[PDB]
Amino acid sequence: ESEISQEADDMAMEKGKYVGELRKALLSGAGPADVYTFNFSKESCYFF
Amino acid sequence: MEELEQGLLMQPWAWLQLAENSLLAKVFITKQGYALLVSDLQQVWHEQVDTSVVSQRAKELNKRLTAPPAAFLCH
């Protein structure tokens, strides 16, 4: 709960609106205008 | 930088607003940076900015945001 808040709040966007971005990114909720890009080291296991 | 000032000299003045306040301005943006000159018809203000300052200030204003400064300047 607090990690999503802090992630939004450092970017200075309304939580819920940032959650919009999260749904679109993570739950395939992307429109044709939206292009999301996904990155991972298996070695470090750092996703972004 | 010098090309920004030299572009600036040939810029027209344009009009801008906010909420009962208003400025005269000209800007010359490139991929290198920008030159800006501003007046409220009472004082005049200037800045020039380079690629470094664009990267540093876009990041400090929008921390996660990872383009090269060309995207910030083109926007």
# chains A, B, ... in the order shown; residues from 1 in each chain; ligands from 1
>>> residues_around(residues="segment 26-34 of chain B", least_positions_apart="4", cutoff="8 Å", atoms="only C-alpha atoms", output="ChimeraX atom specification")
/B:1,4-5,7-8,11-14,38,48-51,54,69-70,73-74
>>> write_last_selection(atoms="C-alpha atoms", output="short mmCIF file (atom, residue, chain, number, x, y, z; two decimals), in the first residue's frame")
data_model
loop_
_atom_site.label_atom_id
_atom_site.label_comp_id
_atom_site.auth_asym_id
_atom_site.auth_seq_id
_atom_site.Cartn_x
_atom_site.Cartn_y
_atom_site.Cartn_z
CA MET B 1 25.17 27.97 -27.14
CA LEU B 4 20.58 29.88 -29.51
CA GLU B 5 21.19 33.57 -28.82
CA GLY B 7 18.24 32.40 -33.18
CA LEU B 8 16.77 34.34 -30.22
CA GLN B 11 12.68 35.34 -32.88
CA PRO B 12 9.51 37.40 -32.82
CA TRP B 13 7.97 38.41 -29.55
CA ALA B 14 4.82 36.48 -28.64
CA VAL B 38 10.82 37.42 -21.09
CA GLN B 48 19.96 30.03 -21.49
CA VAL B 49 20.08 26.30 -20.76
CA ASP B 50 22.22 23.45 -22.07
CA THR B 51 21.78 19.65 -22.38
CA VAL B 54 18.07 19.94 -19.05
CA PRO B 69 17.30 15.75 -22.94
CA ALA B 70 16.21 15.94 -26.62
CA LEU B 73 13.42 19.96 -25.25
CA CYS B 74 11.23 18.69 -28.17
#
>>> closest_atom_pairs(of="chain B", to="chain A", cutoff="12 Å", atoms="only C-alpha atoms", output="JSON lines")
{"residue": "B:58", "atom": "CA", "partner": "A:11", "partner_atom": "CA", "distance": 11.7}
{"residue": "B:59", "atom": "CA", "partner": "A:11", "partner_atom": "CA", "distance": 10.3}
{"residue": "B:60", "atom": "CA", "partner": "A:11", "partner_atom": "CA", "distance": 10.2}
{"residue": "B:61", "atom": "CA", "partner": "A:11", "partner_atom": "CA", "distance": 8.5}
{"residue": "B:62", "atom": "CA", "partner": "A:11", "partner_atom": "CA", "distance": 6.0}
{"residue": "B:63", "atom": "CA", "partner": "A:11", "partner_atom": "CA", "distance": 6.6}
{"residue": "B:64", "atom": "CA", "partner": "A:11", "partner_atom": "CA", "distance": 7.0}
{"residue": "B:65", "atom": "CA", "partner": "A:11", "partner_atom": "CA", "distance": 8.6}
>>> select_by_dssp(residues="chain A", states="helix (DSSP H, G or I)", output="JSON, numbers by chain")
{"A": [2, 3, 4, 5, 6, 7, 8, 9, 10, 17, 18, 19, 20, 21, 22, 23, 24, 25, 26]}
>>> closest_residue(among="B:37, B:24, B:9, B:53", to="residue 72 of chain B", atoms="only C-alpha atoms")
B:53
>>> residues_around(residues="segment 15-25 of chain A", least_positions_apart="6", cutoff="10 Å", atoms="only C-alpha atoms", output="ChimeraX atom specification")
/A:4-9,31,34-38
>>> atom_distance(atom1="atom CA of residue 43 of chain B", atom2="atom CA of residue 2 of chain B")
23.6 Å
>>> select_by_dssp(residues="chain B", states="strand (DSSP E or B)", output="PyMOL selection string")
chain B and resi 14-18+21-29+33-39+44-50
>>> residues_around(residues="residue 21 of chain B", least_positions_apart="5", cutoff="12 Å", atoms="only C-alpha atoms", output="PyMOL selection string")
chain B and resi 15-16+39-41
>>> atom_distance(atom1="atom CA of residue 39 of chain A", atom2="atom CA of residue 68 of chain B")
18.3 Å
